[PDB]
Amino acid sequence: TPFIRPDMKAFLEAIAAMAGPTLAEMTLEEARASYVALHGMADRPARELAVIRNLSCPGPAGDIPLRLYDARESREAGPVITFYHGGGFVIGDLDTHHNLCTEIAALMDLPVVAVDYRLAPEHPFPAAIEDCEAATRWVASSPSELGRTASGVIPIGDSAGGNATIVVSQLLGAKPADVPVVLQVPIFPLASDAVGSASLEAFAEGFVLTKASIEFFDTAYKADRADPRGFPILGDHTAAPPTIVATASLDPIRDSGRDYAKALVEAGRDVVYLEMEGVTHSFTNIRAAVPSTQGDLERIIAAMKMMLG
Amino acid sequence: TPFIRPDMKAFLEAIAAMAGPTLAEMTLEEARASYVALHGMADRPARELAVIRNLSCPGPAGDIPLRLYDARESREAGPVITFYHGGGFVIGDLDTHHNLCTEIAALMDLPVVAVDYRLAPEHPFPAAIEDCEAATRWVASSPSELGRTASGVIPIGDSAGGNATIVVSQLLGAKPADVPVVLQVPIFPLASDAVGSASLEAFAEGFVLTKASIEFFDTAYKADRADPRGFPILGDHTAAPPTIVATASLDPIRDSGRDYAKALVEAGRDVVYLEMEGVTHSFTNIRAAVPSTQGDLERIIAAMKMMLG
Amino acid sequence: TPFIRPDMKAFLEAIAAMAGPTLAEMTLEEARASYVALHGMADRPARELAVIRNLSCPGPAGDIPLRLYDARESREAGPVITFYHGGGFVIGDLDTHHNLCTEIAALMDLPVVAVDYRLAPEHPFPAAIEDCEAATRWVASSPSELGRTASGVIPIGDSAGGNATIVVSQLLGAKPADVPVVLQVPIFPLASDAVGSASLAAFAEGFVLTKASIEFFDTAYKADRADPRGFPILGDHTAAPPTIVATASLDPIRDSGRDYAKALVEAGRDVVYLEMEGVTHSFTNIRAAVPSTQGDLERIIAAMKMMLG
Amino acid sequence: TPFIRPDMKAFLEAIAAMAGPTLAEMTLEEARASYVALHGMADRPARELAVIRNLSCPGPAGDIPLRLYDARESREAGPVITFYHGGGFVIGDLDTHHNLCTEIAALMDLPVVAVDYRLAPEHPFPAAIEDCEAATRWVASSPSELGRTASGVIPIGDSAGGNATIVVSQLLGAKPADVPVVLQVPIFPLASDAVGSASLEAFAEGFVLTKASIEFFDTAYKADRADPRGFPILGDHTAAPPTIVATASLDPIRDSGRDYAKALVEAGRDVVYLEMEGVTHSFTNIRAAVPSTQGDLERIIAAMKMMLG
Ligand SMILES: CCCCCC(=O)Oc1ccc([N+](=O)[O-])cc1
Ligand SMILES: CCCCCC(=O)Oc1ccc([N+](=O)[O-])cc1
Ligand SMILES: CCCCCC(=O)Oc1ccc([N+](=O)[O-])cc1
Ligand SMILES: CCCCCC(=O)Oc1ccc([N+](=O)[O-])cc1
Ligand SMILES: O=[N+]([O-])c1ccc(O)cc1
Ligand SMILES: O=[N+]([O-])c1ccc(O)cc1
Ligand SMILES: O=[N+]([O-])c1ccc(O)cc1
Ligand SMILES: CCCCCC(=O)O
Ligand SMILES: CCCCCC(=O)O
Ligand SMILES: CCCCCC(=O)O
Ligand SMILES: CCCCCC(=O)O
Ligand SMILES: CCCCCC(=O)O
Ligand code: NA
């Protein structure tokens, strides 16, 4: 049997005992609220920060809501973290990942701008990507309303947001923003199609993210399987920015993250590959329920500081 | 027209002006002396250290000479770096890599033990591996002659020595020493056979390490292509220790390092892959002639500190 | 302090920073290799020539290897330059001075024959002299193997080779070859014993050639202090051929070359004395690292053309 | 005993057969006239030149007559030769050395300005020197009357004029004129006191210049034996300009020129020493009676061109 940490296993066993409905058995609204409730109980509380401020920027389909997190009211020029939440491009919002954003801002002492991008099925592919790209370009322009100067941007995100991280880095690589992507941090990302992977079959059930849920998100989002904005393993890696790929050993889409890190090495790009042992998908947002996952987040933070120099 | 840093280019132009005999055209003693002279003129001078001491330990063929480097006269238990010099398993000694060892000791603030392993053609494969393994096990046993206690070992080395790094970590993985390998650092290693690789053809001449020298070393050492002690890409990667793989973009054996880091990701192991841009093989020992390579070494140092947490 | 050109000073600072061992502290083959690397890395690249050909002639110990350089594939009878490399009669070979030889051949438009004479300590005094004399007489005989008829010979050489230049001219003056010495060009020669000289004390350290190296060479070669083949200031100067003596103002053996040119004037012989200002011993072979030394060599070339008519 | 060329010997025999009187036996006017007659008969005819023009300049005791020689009516800026005739500071004028001056101007393609300096015993030491210095400074100032621009000056002169050459170079070295002395050419100069020298006794009679005449000149000129303006061997040689010293092997004051060239080498100064074999003092002005002395002058010319670049 696969190795599972004791605190992780207890979390999984409690979820199994609840025996709740699948995403397909719920309404959209019920599914989104269930995710809000999961992270609300499972994650550590928000860090206190000097700045937690709602902003917005123009997008291709209207204003894109943003949330700015900063431990400092006033700071020197530096990189700005641009964050895209997970949820399959169907669920999640600025609140489901709020506490994680405050933690990243507190531990990095950098500003974090989270993106409230358009969700499927109401707005299918490529809506989320268009919004994530637009918001990152806007931050990269050091607009007056941001209140600090960006010398570069750091795309970061979990699951679907790790997909968006890579896609944004590819889009900005092809058509630069006002400053470069200095580092990207895809966290358990979907880079290659998970269908047919060994990890998908091994961890299809019982490891937080299920095969059933992956299928539900895919049907809602309707990403074109040949489009690198849907599956960025298909993109041009030859100028990828410095990268930290974090995966989880029990993740059904673990092998997609392995595939991406291998593609970067094959292209000669600098990459840190961290595969967290004995924890699942979503470990960044269950840090109270599974206290050892705070340590996993902290390893990602230490790698980011090293790769920023 | 691959990218070459200006200071790197100037060094290559001087080597081209020199236009010496090949290694195979020299006597063995001349070939070894020419490597002493190259690193002697090209590398930064030694750091001053509290401790630089010659030791030996028992090996399968007789005593193995060693050299201990430590910035501290007295130090508590901690990891000990075990270093294996490059030179194709044919050339190099404790002096060719002395200055680099003093730099590693100074910048890491950890003890370094360099291994004066037996060389081919006089001692063919697996002599060098036997000696590197034996010395590493000896250091790992916290002998009184060392004057330090090891809580773990950190194998590190450049080119052959990077080959030896991986092989030693595999041998100690299979049959543990008294403490574990807590980190390995293969620097432009030979892991897979370079014959047939795209990098070997692209950088066969004019990039410090030549295809001719690679063939000279191979003929002397006589490693079996099917033996994982000769080509450690063939070994079992499923329990590889935390790894930093450092390569050079102009290295004929660059793709061998790429292959190894890809195999570690494929096996789910934690790895930092750094491919230094615009510099050749041997960048760790040309830090005066090509001043920008000091910064490349400092990037490896920073990755080591991060991976040691 | 003494005048030092800025590019010369930078080279001396680089040598000082390297802080290498003395020749005596190296193995003999490491000492030889350090000199290969010094010239190899500091000198300008070889000129392209129509003819660069290895050959040999008989000598008293066996065959003497030679290298012919000629900008012309075929040429009529004319003077032939016979070149003897520096290195204390201990180090140096055809390759350490190869590029300089191609430059002399190109700029003079005369053939150059360089002599691979036997070295100390393996072959002590007068081995080097026997071989240089024998090769020069052989060239002077217009052998068919050379393919260039000699109407005269031009002995030339740097440091120990400048010693050989003068000794050869004295030996051929006393027992003529088939054609005369029409010009000799001792470049920073050892003519009188440098022990006790003001220049030896003034430039004992930090000026390329060191007092320690002079002593190392003297111990290996074992020249008799009373033998004019060892110290040709002791020889008969009354029929010395037309001479160009070139010295360096920062050379510990500068005063030896001053002594020789003064003895030629005392004897009524025609001599051009050129003391290059602000450069060291070996200036003929560091023409890339210290670009201004190319002009010093060109001044010697101009004096040679004038003295040949 | 000493080597004498056949053409030189016959001229000496003809002088002996004519059996003229000594300078002491003649009247001053007769002595001066015999010198005009000697060079008029013995030297090659004047070259035809575009410019042979009398000039004058201010001096410390009145105006100094000059004669300008130039193959060109109009020329670019360049060095100007400043010539001082021989004659012991007692005899000689602008006409005694006129043909030589036309030859120097024709063969160098440079302007020559000859100085008609004050003569002893009417004007004893240091009169001649004061005028030679003033005229050279005037030329060096590129005065309108000169008709061409001087970028440097070249002092040149035979016997007493070679004395003046060296003294002028020393005085301008200590107190620069408007342009530097770029080259000096003392021709059989009096630099050190000839009294006591081996050459003076060996060639005291029968070699055109006699010990009797040397003494005659000395008594008239009354140079101070301790004054470097009388005997410039006593001056500071450490900044002497590039120098060509020409002597004659049968000259009673040959050793004086040897001494000066040796002093320049001792001081580390660049110098061409040419000792013309088998000819006497005055060889520059007997080029028809002794035809081979034209070739001697032409060697000086060739050295001058080389030393000017
Ligand atoms: C019901 C809670 C599990 C789903 C939430 C989650 O685990 O965040 C994901 C985001 C994107 C993808 N995906 O793109 O497949 C999968 C998972
Ligand atoms: C004189 C050129 C540098 C060659 C020595 C060197 O650069 O260290 C190496 C060690 C091993 C291998 N190899 O295994 O191919 C290549 C290089
Ligand atoms: C490494 C610098 C010393 C290399 C040798 C060299 O500089 O060429 C010489 C040849 C002969 C003598 N000598 O006769 O003493 C000195 C020098
Ligand atoms: C027939 C007269 C002698 C010819 C030589 C001559 O008159 O040229 C000299 C100039 C100066 C000195 N001196 O300074 O001794 C000697 C000789
Ligand atoms: O979801 N759950 O049943 C939970 C909720 C809270 C908790 O502390 C542990 C488990
Ligand atoms: O164990 N816990 O605390 C939990 C458990 C389940 C959950 O959905 C969130 C937190
Ligand atoms: O005065 N002259 O022309 C001469 C003098 C001597 C001589 O042998 C020939 C010619
Ligand atoms: C061009 C080779 C692509 C990657 C091969 C691998 O995944 O091991
Ligand atoms: C194949 C040699 C050129 C380098 C192209 C690459 O980075 O893979
Ligand atoms: C370039 C100077 C001409 C002199 C050529 C010679 O006679 O050797
Ligand atoms: C030529 C006779 C002149 C004598 C000049 C003098 O007494 O100095
Ligand atoms: C450095 C020397 C320049 C001038 C040479 C001389 O004194 O004759
Ligand atoms: Na050789």
# chains A, B, ... in the order shown; residues from 1 in each chain; ligands from 1
>>> residues_around(residues="residue 211 (chain C)", least_positions_apart="5", cutoff="7 Å", atoms="only C-alpha atoms", output="PDB file with N, CA, C and O atoms, in the first residue's frame")
ATOM      1  N   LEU C 200      69.220  41.536 -10.671  1.00  0.00           N
ATOM      2  CA  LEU C 200      68.760  40.290 -10.014  1.00  0.00           C
ATOM      3  C   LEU C 200      68.121  40.644  -8.666  1.00  0.00           C
ATOM      4  O   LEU C 200      67.099  40.128  -8.370  1.00  0.00           O
ATOM      5  N   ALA C 204      63.968  40.356  -8.234  1.00  0.00           N
ATOM      6  CA  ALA C 204      64.053  38.968  -7.739  1.00  0.00           C
ATOM      7  C   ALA C 204      62.664  38.334  -7.664  1.00  0.00           C
ATOM      8  O   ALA C 204      62.581  37.162  -7.885  1.00  0.00           O
ATOM      9  N   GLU C 205      61.636  39.115  -7.361  1.00  0.00           N
ATOM     10  CA  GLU C 205      60.259  38.601  -7.222  1.00  0.00           C
ATOM     11  C   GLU C 205      59.230  39.510  -7.899  1.00  0.00           C
ATOM     12  O   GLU C 205      59.419  40.691  -7.862  1.00  0.00           O
TER      13      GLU C 205
END
>>> residues_near_ligand(ligand="ligand 1", cutoff="7 Å", atoms="only C-alpha atoms and all ligand atoms", output="MDAnalysis selection string")
chainID A and resid 23 35 86:89 158:161 190 208:209 213:214 217 281:282
>>> interface_residues(of="chain B", to="chain A", cutoff="7 Å", atoms="only C-alpha atoms", output="list in words")
residues 258, 262, 265, 266, 268, 269, 270, 271, 272, 273, 274, 275, 302, 303 and 306 of chain B
>>> write_last_selection(atoms="N, CA, C and O atoms", output="mmCIF file, in the first residue's frame")
data_model
loop_
_atom_site.group_PDB
_atom_site.id
_atom_site.type_symbol
_atom_site.label_atom_id
_atom_site.label_comp_id
_atom_site.auth_asym_id
_atom_site.auth_seq_id
_atom_site.Cartn_x
_atom_site.Cartn_y
_atom_site.Cartn_z
ATOM 1 N N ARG B 258 21.123 16.044 -17.917
ATOM 2 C CA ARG B 258 19.689 16.149 -18.176
ATOM 3 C C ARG B 258 19.002 14.801 -17.977
ATOM 4 O O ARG B 258 17.989 14.701 -17.268
ATOM 5 N N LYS B 262 16.041 13.976 -15.152
ATOM 6 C CA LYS B 262 14.751 13.483 -15.626
ATOM 7 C C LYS B 262 14.400 12.154 -14.978
ATOM 8 O O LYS B 262 13.243 11.920 -14.604
ATOM 9 N N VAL B 265 13.133 12.770 -11.441
ATOM 10 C CA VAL B 265 11.744 13.245 -11.444
ATOM 11 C C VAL B 265 10.798 12.093 -11.768
ATOM 12 O O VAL B 265 9.749 11.919 -11.134
ATOM 13 N N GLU B 266 11.157 11.294 -12.773
ATOM 14 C CA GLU B 266 10.343 10.150 -13.166
ATOM 15 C C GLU B 266 10.098 9.203 -12.001
ATOM 16 O O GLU B 266 9.020 8.600 -11.898
ATOM 17 N N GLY B 268 9.971 10.198 -8.887
ATOM 18 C CA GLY B 268 9.368 10.915 -7.776
ATOM 19 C C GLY B 268 10.317 11.460 -6.737
ATOM 20 O O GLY B 268 9.900 11.700 -5.603
ATOM 21 N N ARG B 269 11.579 11.699 -7.086
ATOM 22 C CA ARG B 269 12.586 12.117 -6.125
ATOM 23 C C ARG B 269 12.779 13.626 -6.186
ATOM 24 O O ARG B 269 12.605 14.232 -7.235
ATOM 25 N N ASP B 270 13.177 14.218 -5.058
ATOM 26 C CA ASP B 270 13.362 15.664 -4.995
ATOM 27 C C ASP B 270 14.680 16.014 -5.669
ATOM 28 O O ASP B 270 15.724 15.467 -5.303
ATOM 29 N N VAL B 271 14.641 16.960 -6.596
ATOM 30 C CA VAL B 271 15.848 17.326 -7.345
ATOM 31 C C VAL B 271 15.797 18.793 -7.759
ATOM 32 O O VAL B 271 14.751 19.329 -8.155
ATOM 33 N N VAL B 272 16.947 19.451 -7.621
ATOM 34 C CA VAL B 272 17.200 20.765 -8.196
ATOM 35 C C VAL B 272 18.046 20.562 -9.434
ATOM 36 O O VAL B 272 19.132 19.968 -9.355
ATOM 37 N N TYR B 273 17.559 21.023 -10.573
ATOM 38 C CA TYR B 273 18.291 20.957 -11.833
ATOM 39 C C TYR B 273 18.682 22.380 -12.220
ATOM 40 O O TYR B 273 17.806 23.210 -12.461
ATOM 41 N N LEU B 274 19.990 22.644 -12.307
ATOM 42 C CA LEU B 274 20.526 23.946 -12.683
ATOM 43 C C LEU B 274 21.454 23.763 -13.866
ATOM 44 O O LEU B 274 22.455 23.038 -13.761
ATOM 45 N N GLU B 275 21.136 24.422 -14.978
ATOM 46 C CA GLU B 275 21.944 24.320 -16.189
ATOM 47 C C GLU B 275 22.535 25.702 -16.425
ATOM 48 O O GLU B 275 21.807 26.641 -16.756
ATOM 49 N N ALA B 302 24.031 27.924 -2.799
ATOM 50 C CA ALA B 302 22.730 28.337 -2.285
ATOM 51 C C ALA B 302 21.710 27.203 -2.387
ATOM 52 O O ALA B 302 20.900 27.006 -1.473
ATOM 53 N N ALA B 303 21.725 26.451 -3.493
ATOM 54 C CA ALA B 303 20.814 25.315 -3.610
ATOM 55 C C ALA B 303 21.121 24.246 -2.564
ATOM 56 O O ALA B 303 20.198 23.619 -2.035
ATOM 57 N N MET B 306 19.697 25.326 0.798
ATOM 58 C CA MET B 306 18.245 25.204 0.788
ATOM 59 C C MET B 306 17.827 23.742 0.943
ATOM 60 O O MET B 306 16.947 23.412 1.751
#
>>> residues_near_ligand(ligand="ligand 10", cutoff="12 Å", atoms="only C-alpha atoms and all ligand atoms", output="list in words")
residues 78, 79, 107, 108, 109, 110, 182, 183, 298, 299, 301, 302, 303, 304, 305, 306, 307, 308 and 309 of chain C; 299, 302, 303, 305, 306, 307 and 309 of chain D
>>> residues_near_ligand(ligand="ligand 11", cutoff="7 Å", atoms="only C-alpha atoms and all ligand atoms", output="compact mmCIF listing (two decimals) with N, CA and C atoms, in the first residue's frame")
# COMPACT_ATOMS: atom_id res chain seq x y z
N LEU D 23 98.74 71.99 -38.42
CA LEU D 23 97.86 73.10 -38.08
C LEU D 23 98.60 74.14 -37.25
N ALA D 24 99.51 73.69 -36.38
CA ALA D 24 100.29 74.64 -35.59
C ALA D 24 101.18 75.49 -36.49
N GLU D 25 101.75 74.89 -37.53
CA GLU D 25 102.65 75.60 -38.44
C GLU D 25 101.92 76.61 -39.31
N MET D 26 100.65 76.37 -39.63
CA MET D 26 99.91 77.28 -40.47
C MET D 26 99.38 78.46 -39.67
N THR D 27 98.99 79.51 -40.38
CA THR D 27 98.17 80.55 -39.78
C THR D 27 96.74 80.05 -39.66
N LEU D 28 96.01 80.59 -38.68
CA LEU D 28 94.60 80.26 -38.51
C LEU D 28 93.86 80.31 -39.84
N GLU D 30 95.09 80.06 -42.83
CA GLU D 30 95.58 79.00 -43.71
C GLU D 30 95.03 77.64 -43.28
N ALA D 31 95.04 77.37 -41.97
CA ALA D 31 94.49 76.11 -41.46
C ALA D 31 93.04 75.95 -41.87
N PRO D 121 90.06 79.99 -31.70
CA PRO D 121 90.31 80.60 -30.39
C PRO D 121 89.61 81.95 -30.20
N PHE D 216 96.22 70.81 -30.74
CA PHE D 216 96.00 72.15 -31.26
C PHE D 216 94.58 72.62 -30.98
N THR D 219 93.93 73.30 -27.16
CA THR D 219 94.49 74.53 -26.62
C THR D 219 93.69 75.75 -27.06
N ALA D 220 93.17 75.74 -28.29
CA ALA D 220 92.36 76.86 -28.76
C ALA D 220 90.99 76.90 -28.07
>>> closest_residue(among="B:239, B:134, B:300, B:198", to="ligand 8", atoms="only C-alpha atoms and all ligand atoms")
B:198
>>> residues_around(residues="region 191-195 of chain A", least_positions_apart="5", cutoff="7 Å", atoms="only C-alpha atoms", output="PDB file with C-alpha atoms, in the first residue's frame")
ATOM      1  CA  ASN A 163      -2.172  24.927 -14.968  1.00  0.00           C
ATOM      2  CA  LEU A 200      -4.761   8.607 -12.043  1.00  0.00           C
ATOM      3  CA  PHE A 231      -2.520  21.468 -21.743  1.00  0.00           C
ATOM      4  CA  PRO A 232       0.724  23.452 -21.473  1.00  0.00           C
ATOM      5  CA  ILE A 233       2.937  20.358 -21.707  1.00  0.00           C
ATOM      6  CA  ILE A 253      -2.431  14.073 -11.332  1.00  0.00           C
ATOM      7  CA  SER A 256       1.289  15.354 -14.915  1.00  0.00           C
ATOM      8  CA  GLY A 257       3.593  17.392 -12.675  1.00  0.00           C
ATOM      9  CA  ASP A 259       5.905  15.165 -16.877  1.00  0.00           C
ATOM     10  CA  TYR A 260       6.207  18.958 -16.797  1.00  0.00           C
TER      11      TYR A 260
END
>>> select_by_dssp(residues="region 125-221 of chain A", states="helix (DSSP H, G or I)", output="VMD selection string")
chain A and resid 127 to 140 144 to 146 160 to 174 198 to 202 211 to 221
>>> residues_near_ligand(ligand="ligand 3", cutoff="9 Å", atoms="only C-alpha atoms and all ligand atoms", output="ChimeraX atom specification")
/C:22-23,31-32,34-35,38,85-92,158-163,188-191,194,207-211,213-218,252-253,281-282
